[PDB]
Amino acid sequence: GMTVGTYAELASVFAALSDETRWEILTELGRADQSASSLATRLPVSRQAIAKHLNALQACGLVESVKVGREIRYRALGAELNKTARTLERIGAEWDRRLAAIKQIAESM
């Protein structure tokens, strides 16, 4: 389940989710659509850093822009968190099955 293809496909998500500040942004954006200037007013992160985090989050599919008329807001999306979660379950299940084989053969008289 760990193939290099999986890692290459999820690498940008893993990188995105490796930062506490990005989780802070995601949590905000999963609660209510917000502008970058809403986020800047809330968090101790500069407007330019927020822009960079938002671009990284949109590029890997964790955030989408929502532009209504002239107003630009952002929204967190579950699709990539769900995909990541399914992959981490499948890999966790294989490690578990593997561990069960080893425990079982340690018992063989």
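When you see a residue number, it is the position in the sequence shown, counting from 1.
Peer 1: Higher mean Cα B-factor in the deposited model: 44-52 or 74-82?
Peer 2: Higher mean C-alpha B-factor in the PDB entry: 44-52.
Peer 1: Which one, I25, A16, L99, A93, has the peak C-alpha temperature factor per the PDB entry?
Peer 2: That would be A93.
Peer 1: By its CA B factor, does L57 count among the lowest, middle or highest third of the modelled residues in the chain?
Peer 2: Lowest third - that is where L57 ends up once the chain's C-alpha B-factors are sorted.
Peer 1: Taking only the Cα B-factors deposited for this chain, tell me whether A36 sits in the lowest, middle or highest third.
Peer 2: According to the entry, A36 has a C-alpha B-factor in the chain's highest third.
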